[PDB]
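Participant: Output the structure for:
(chains A, B, C, D, E, F, G, H, I, J and K, ligands or ions: 4)
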Amino acid sequence: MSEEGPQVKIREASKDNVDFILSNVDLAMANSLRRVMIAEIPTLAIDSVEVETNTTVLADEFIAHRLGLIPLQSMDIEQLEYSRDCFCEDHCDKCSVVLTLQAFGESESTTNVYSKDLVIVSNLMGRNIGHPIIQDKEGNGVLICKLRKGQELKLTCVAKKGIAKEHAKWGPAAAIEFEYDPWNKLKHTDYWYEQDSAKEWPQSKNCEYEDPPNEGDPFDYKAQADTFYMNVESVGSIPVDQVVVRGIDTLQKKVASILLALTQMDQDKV
Amino acid sequence: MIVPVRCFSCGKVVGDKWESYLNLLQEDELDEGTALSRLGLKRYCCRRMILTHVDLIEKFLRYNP
Amino acid sequence: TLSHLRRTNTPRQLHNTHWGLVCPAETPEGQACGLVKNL
Amino acid sequence: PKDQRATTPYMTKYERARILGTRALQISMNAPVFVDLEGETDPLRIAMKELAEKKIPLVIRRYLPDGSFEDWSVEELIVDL
Amino acid sequence: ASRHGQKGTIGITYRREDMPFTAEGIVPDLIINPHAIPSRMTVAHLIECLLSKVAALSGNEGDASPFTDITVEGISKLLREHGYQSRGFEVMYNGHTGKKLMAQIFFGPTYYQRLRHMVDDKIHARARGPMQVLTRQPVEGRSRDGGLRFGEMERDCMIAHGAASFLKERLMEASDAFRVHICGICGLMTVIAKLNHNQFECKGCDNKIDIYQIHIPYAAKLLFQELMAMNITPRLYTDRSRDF
Amino acid sequence: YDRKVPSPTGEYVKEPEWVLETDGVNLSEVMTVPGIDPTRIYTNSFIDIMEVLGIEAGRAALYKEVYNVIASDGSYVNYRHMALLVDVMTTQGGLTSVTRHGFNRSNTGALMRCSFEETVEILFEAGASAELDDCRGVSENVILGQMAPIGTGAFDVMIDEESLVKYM
Amino acid sequence: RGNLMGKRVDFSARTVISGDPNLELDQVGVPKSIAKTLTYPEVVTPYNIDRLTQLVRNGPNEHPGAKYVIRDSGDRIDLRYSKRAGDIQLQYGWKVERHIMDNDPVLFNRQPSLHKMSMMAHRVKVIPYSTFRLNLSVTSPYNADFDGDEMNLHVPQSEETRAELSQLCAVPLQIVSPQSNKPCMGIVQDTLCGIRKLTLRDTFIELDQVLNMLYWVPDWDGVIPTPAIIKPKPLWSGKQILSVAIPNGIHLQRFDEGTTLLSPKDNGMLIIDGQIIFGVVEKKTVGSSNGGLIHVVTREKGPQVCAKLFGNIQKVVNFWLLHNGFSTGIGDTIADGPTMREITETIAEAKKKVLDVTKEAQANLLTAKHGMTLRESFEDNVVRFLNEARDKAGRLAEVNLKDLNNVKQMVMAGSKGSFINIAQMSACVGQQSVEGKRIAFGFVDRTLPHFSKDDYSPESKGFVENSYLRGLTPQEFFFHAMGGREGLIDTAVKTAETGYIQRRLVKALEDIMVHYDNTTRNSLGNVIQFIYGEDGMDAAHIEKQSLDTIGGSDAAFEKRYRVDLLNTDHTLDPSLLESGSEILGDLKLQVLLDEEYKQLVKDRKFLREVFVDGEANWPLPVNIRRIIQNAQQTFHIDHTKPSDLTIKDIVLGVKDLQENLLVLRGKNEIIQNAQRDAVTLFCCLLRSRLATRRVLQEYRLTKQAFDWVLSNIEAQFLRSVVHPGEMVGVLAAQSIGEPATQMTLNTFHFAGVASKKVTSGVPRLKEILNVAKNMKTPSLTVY
Amino acid sequence: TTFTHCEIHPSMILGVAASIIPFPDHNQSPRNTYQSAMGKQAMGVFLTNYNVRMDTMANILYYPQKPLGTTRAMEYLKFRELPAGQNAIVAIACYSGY
Amino acid sequence: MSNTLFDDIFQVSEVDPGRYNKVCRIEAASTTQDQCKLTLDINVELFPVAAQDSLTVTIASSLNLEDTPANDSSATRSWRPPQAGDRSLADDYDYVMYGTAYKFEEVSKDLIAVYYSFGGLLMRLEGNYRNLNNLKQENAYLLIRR
Amino acid sequence: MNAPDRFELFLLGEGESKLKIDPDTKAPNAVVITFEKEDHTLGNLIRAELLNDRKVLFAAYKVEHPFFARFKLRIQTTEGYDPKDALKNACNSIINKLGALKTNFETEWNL
RNA sequence: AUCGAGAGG
Ligand SMILES: [Mg+2]
Ligand SMILES: [Zn+2]
Ligand SMILES: [Zn+2]
Ligand SMILES: [Zn+2]
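Facilitator: Numbers count the residues shown, from 1 in each chain, chains lettered A, B, ... in the order given. Ligands and ions are numbered 1, 2, ... in the order given. Pasting the structure now:
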């Protein structure tokens, strides 16, 4: 592993999708990258709810649970102090974001409470975080709950920094497609069949990016795994390209931290 | 009882699709399958989150407290 | 709840004449098995 | 009688178990240990060392059906098992 | 449990990052052992899954009504038309290494029921506590801080093991223990143990000397007293007169 | 029926023979029938094989039938365990059942007999007959919390005077 | 029975169990909340006061903490109401009721407790969460599963009881059961299935995969084995890597049906010096069978090593399977076109045969079978046809399943599944039955209102033509439900019945014990057996061996056992011995040889009288065959070199061994005679196994190896003798009572030559134990 | 050729709990019985007004889902209206061994 | 490297992949030595074979490491990865297997047979009457030229 | 009830250093390293790169139990090649490749 | 505290 490896090619791209062809890499890294994107990227999310008023149908913690799953703008999450390392008592603007929710059934018809109705109270200090992610073409970001005329809901929320290992609410990856060796040339799998596996199994879409194997070919036992097809999505809190870049950065930091640990021990050694 | 924020298996937010989903079924009168496709719900692990959802909250709001 | 509302406690095999009148499958495990039948 | 003991010369698994248990108890009660404590602090492990070295100071009274008995010492008994 | 009489408990939970995944990035919610099938022959369980996948992909409701003309071949045909392996097998990758698994996995949606009975309301452990006033023996019931019954079968096995001192401990030291003075002349519990002047006196035998202490389970004391209540003596002697 | 018969070569060779499996039992007359080998006749009745041949034949047959029951499902239990059972049931020269009319009708400790089925029905008899319980059984020591003979309690660990000296 | 014989006890716990393949055989995962709750009164000594004072400081809120402290005065210090956690100074002699620590010995069991195996001692491992964790392989004796089962903990308080459990009740010590003379634990479920796949001929493993697998083995010595294939690619076979788990010195040879030591089927089994050599490893090898690996290792290496074997194999195989995968689905139950056509033809053909007979019966042409009526003769013959049809259809499906078939693989491995399971899922479900009969006419002359009256056509009385795959039709469904119902009923009744039976046996034999005189007696001192088991040996140390002299022709015997130094017909080949040319014509040695042979002839006479059926395979203490193999390997027995054995030394050496076997040790002729009888079969085994030709031609041992064998046999034999204090009573009661719970036969489903209408299963057991005067089935066999 | 009556529909021989089982006729009998018992043990919304009524021990699923595969009998038992479980994605496979 | 236990040429009479996807059962007979037949399980997937092919088959016993004779590293002492293939090594064959031994089955004295086995893959060599070099020592390296 | 704290999956506790290096006794030039609060997301990278180093004789790892975020790593090298340094080299190597990965992606993304 | 009922294993 010495820089002249990872050849990143992008087939398709959008706000929440990056379709990759990552070639010239070690399978271990292809997977490690997949994994680190899934659960080791810091995001912002409501991790505490104060219930002041709740005369709604839904239970207090039922609602609190739902609130924690609402994606919040996390573009500048790296500028937010990780709560575990925040020496400041309870919480503060340097390590948390405060949002509030106020709803009342003004109409006799069912009133819908949306995530768009969350209001940031704490000082963001110019950092691009906390804003409820709204990808609804109607503007109605995520339905929190429905509300009857005579009912009322008043909540105070505190969003913090965290990773999916702590809780799935923190993940931004959503889903990651991952495939290699379109054509079964490495024989990493033995197709189950009741007649003809060549006809019974669907040909992968990635097969069009690699020449078909010939029946006159001998098993290329020297061949290694390489060229990984991936498709990374995003929940919207982090630009899909940042999901990938930050995932990569995370691995560098992780390896660097154990490298540092090795250095630290060598420094402590005679 | 309201639509789960995020797909249980993915984390893909589907809590903002329910309203428009029903509109696709009512205003547009589409097949549920095509409606789910119109919502961008490609994976069946996300399609089921809406396809088999039971909106009970509408019944709960029929009571007066 | 419905299983109580259709419950018939006998005071224990699936007799031929049960066809269509009581459920073949529904019965408690052990003890009252075959005695408590559901319609 | 002292001689003409008709019971086995080997220690049984039941005799071994109780010997170790009762000796380990004594050890846990801070009784004097007759072997070197080579980092050993667990009464049972300590007792097993003594058993291996036949240092356990006990005698087994083997009762026979009719009420009579044969006394065998730990040292006499063959700790095979 | 599923809808086919298939019970089970959660052995362990894994984060998505550690679980098998499809090329499409779909990660199981619940993994079921293959060995739970062949002996139970719950074929319908397998069919429900296959059908369910088709239903999810086609975006409609599946029909599992008992006696219909719906066949597996019909269902599998529909599945193949959605671009999936007709028999429900999908190529999955090992979540730990990312390496393609050698065997493909029967994979799809199904319907599980969360049942009553949770370990949080079953787990129970107690070391000393509330005992029944009648027999001075740990009370019955998890919610009442009760003990666990060491039954007849349990003591039978200790006998088979030869665990003689264990039984003494569990049957007396672990509950029921009472020191009682027995008259040497008549083995009855009639000694007036004046434990402050060291005076005893059997009364009726006028025995102020030859008595002994017995460590016995309180319940056994009750047995003997309840026998005395029926004009029956149970004379406990500490010296075996019948040698053989 | 087939049966291995040590051939003229010395090696067992499976041979066939006609056997008459009858419905019902009456050894008292069947054994005397001409043309029949009276030493090979076998029944299923323990009582009848005992009364006709004797308690050792009864006990042997008892084993064989116990064996057949276990073996009938393909399972296997060591001979040693089955032998012990049938030997116990035949120590009295008859056929002692495992019921309250078998086991409980014994001369064993009263505190053990009463633990099976009948209780005061036995204890009342013990009282009236002034029965003395030797307390060297199992239940007799269970029902009062003492280290019953058996296993680790089948012997007494102690230091005698001779060994005491030798242990110093 | 309520408060005395059984009772509620303190220092105990109960909760749900779950599987955990990362625990050792003898471990148990205990939740921190339980470890915190339950305590242990450890005594303060100079060897642990450091730890104990720390535990006091930790307080009663840590899973490595402590609670009440007991002073010499008897005072109990409740640490929950104390601000002196760091002030209380422990004095020697005090006690500290600490929390449960790792490696503590606790008693763990499952209800109902049917046998010793249900009560075993485990080593505590404090874990997170709230379930008890178990090694898969220990559930086999507990009869446990993970669908919500609960288990009990009993925690020892005295040092004596901790020792007692750790030395008598420890799991490893219970690996081989005295009940059935075999292992009671083995490899099951995933690991069992995984092993089969792992050891397949086509299974090769990549370098880096091997490196991880080797690292998983706790006992790996750090030596990477040379790969089976070295050129094109450095590949290791599954057999090579699995063999790392197996300890050195282990030998095993099963040899199956078509095994030829080169069979392309890779059946059988051959292991040499801990190295897997040949044959696919399956249930027969690593299961509970007494002819498999688990048994041999336990006997050769002992309980402690065998326990490690379980851990080693599971960790390797589970890891490999993790990175391989194994599934199953609908496709596995689907037979191909041609197969299904043959199945329907088989069914149709049988139906035709039933029809033909039906017509003959109706025509009054059918003749009644002897000992039964015409009507039931018809019934019998019809059922037979339909049963055969089911099986034939099942075989058609089975044969045409590919090796890829996942269900087939589980069946082949021997891990859940069987022929009939495949047959019913893929082919004809078969004839349903109620009380041993076809579906009865619950309606007037018919089974359902959907049929006309007087119709005995297969399906009208429960015959199911469809598979579970195909689906049952309403009538078939209901008839199936009826059969299922009686099954469910029987599973309830049998627990009430066998529960009672089991208790009666245990109570009846409650006080039967082996005394120090080696005699089995009851409380009254009444002799039950003068010598326990008629041999005086522990079932746990018994193995099935072959008595070579019982079988074979007299000529073959002579060829294998007659030595004649005076005639070329049976004179030993000089090259066998260093002095084989000197013994030629040696009459004095011939005398010893005549003595030997004469005795061996007598042995045939004797054993032919004892075992009239000619069976040579019997359960005898001390696997001599295996002992010999150990010598052959241990001393590198070069079979091309002449040995230094002397005929005199061989004859007298074996005779000396016989004299030194012992069992009884009295001097009175009564005891000495009993001693001679007690070891008759074993001595017959010794003589037949260690004859001159056997020792000089078959087992060409050196004087050193030969002497070693004899001394080894002696030691092991002595170890097989039953210990005094053994509760053979209760043990036998449980041994007989337990397996009785598997008798779901009742009266049929066992087959025989004559019309077997003979009461069996539990019903018969009851007749026997009750000594019923009016049995349901008398039957007298006349020869 | 002498039929007098005709079943309205074979599946009607099943009761309440039995009728919510998928393809009952593709299971081994006892398994349908076992499910009948299991159905009674499931969690889910019992009564729509459960919030109004006070009771001892209620077990309400956060997000009840319809059975992706249903039986026609559920049209009358209102199972879809008040379901009791969720459509989990499952994999039948040997994995970590847990 | 330092020695050879057996060296002959065989012609394949039959190939049988008895329900195997990688390993085939090879039945070959020696050219010249008509008393010597060869049975062999071989990983065909890795090393392709065909009927009537003439293969050069040797056994040897020199632990094929890197330098002049039987270096322990292969048998007894942890096996070292490649790299050293650029040193003294009998690697001029197209297929190499390390095996063990069973028993020197003696067939009709004049006829011949020998021990065999490669981690599960078996063989059977009717090696010449002598086989004096072919020692029981399990160390063996079946070397095959295509 | 008695569920573990999710913080224990990645945060070091009291007395828990990130790495602990022990020396093996079963073989020469071999060590076993314990990684605290770290699963094979990182661990698998380490092994992979170690096996790309021709001076490494053995490199493998195992997670002894899934309840705990711990990772065992065993490294054996040739004489003179201190395994500790071999690991240090593997880390440097991995980072360098990741740096390129990032750069190539960012460029490809921009285009 | 008894007493019955519903279940679980
Ligand atoms: Mg269970
Ligand atoms: Zn703060
Ligand atoms: Zn999804
Ligand atoms: Zn008195």
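
Participant: switch to C-alpha atoms for all contacts and neighbour counts from now on
Facilitator: Fine.

Participant: For the residue of the stretch 101-250 of chain A found nearest chain G, give me its contacts.
Facilitator: Nearest residue of the stretch 101-250 of chain A to chain G (Cα to the nearest Cα) works out as residue A:192 at 6.4 Å. The contact partners of residue A:192, taken as Cα atoms under 8 Å, 6 or more residues apart in numbering or on different chains, are E:103, E:104, G:404.

Participant: Identify the residue spatially nearest to the second one, adjacent ones excluded.
Facilitator: Leaving aside its sequence neighbours, residue E:104 sits nearest to residue E:91 (Cα to Cα, 6 or more residues apart in numbering or on different chains; 4.8 Å).

Participant: Distance check, residue I:10 against residue I:127.
Facilitator: As for residue I:10, its distance to residue I:127 is 12 Å (criterion: Cα to Cα, to the nearest Å).

Participant: joint contacts of those two?
Facilitator: residue I:37.

Participant: ok, back up a step: residue G:137: which of the contacts of residue A:192 is nearest?
Facilitator: Nearest to residue G:137 out of these is residue E:103 (Cα to Cα; 25.1 Å).

Participant: How is the closest one assigned, secondary-structure-wise?
Facilitator: Judged by DSSP: H, G, I helix; E, B strand; the rest coil, the three-state class of residue E:103 is coil.

Participant: And for residue D:60?
Facilitator: Under three-state DSSP, the three-state class of residue D:60 is strand.

Participant: That one is in contact with residue D:77, isn't it?
Facilitator: No: between residue D:60 and residue D:77 there is no contact under Cα atoms under 8 Å: 9.2 Å.

Participant: Between those two, which has more neighbouring residues?
Facilitator: Per other Cα atoms under 10 Å in any protein chain shown, whichever of residue D:60 and residue D:77 has more neighbours is residue D:60, with 21 against 17.

Participant: can you list the contacts of residue A:192 in CSV and add distance to residue G:79 and neighbour count?
Facilitator: Listed next are these as CSV, based on distance: Cα to Cα, whole Å; neighbours: other Cα atoms under 10 Å in any protein chain shown:
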residue, distance to residue G:79, neighbour count
E:103, 57, 26
E:104, 57, 24
G:404, 63, 15
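
Participant: Which residue does chain B have closest to chain C?
Facilitator: The nearest approach of chain B to chain C comes at residue B:56, 19.3 Å away (Cα to the nearest Cα).

Participant: wait, what's in contact with that residue?
Facilitator: Going by Cα under 8 Å, 6+ apart, the list of residues near residue B:56 reads B:1, B:2, H:48.

Participant: Let's see that with 7 Å instead.
Facilitator: Residue B:56 makes contacts with residue B:1, as judged by Cα atoms under 7 Å, 6 or more residues apart in numbering or on different chains.

Participant: Name the helix or strand for the residue of chain J found nearest chain I, please.
Facilitator: Closest to chain I within chain J is residue J:57: 6.4 Å, counting by Cα to the nearest Cα. Assigned by DSSP states H and E, residue J:57 falls within strand J:56-62.

Participant: Regarding the chain, what is its longest helix?
Facilitator: If you meant another chain, say so; for now it's chain A. helix A:240-268 (DSSP state H).

Participant: sorry, should have said chain H
Facilitator: helix H:29-39.

Participant: where does residue E:183 fall, phi/psi-wise?
Facilitator: Backbone torsions of residue E:183, given as degrees, to the nearest 10, read phi -70, psi 130.

Participant: beta partners for it?
Facilitator: With DSSP bridges applied, residue E:183 shows beta-bridge pairing to residue E:211.

Participant: For it, grab the count of nearby residues.
Facilitator: Residue E:183 sits with 28 neighbouring residues when counted by other Cα under 10 Å.

Participant: try the one 5 residues further on
Facilitator: A count of nearby residues for residue E:188, using other Cα under 10 Å, gives 20.

Participant: What lies in contact with the helix or strand containing residue G:42?
Facilitator: In this assignment (DSSP H and E), residue G:42 forms part of strand G:39-43. Contacts with strand G:39-43, where a contact means Cα under 7 Å, 6+ apart, come from D:28, D:29, E:127, G:93, G:94, G:95, G:96, G:97, G:98, G:99, G:100, G:157.
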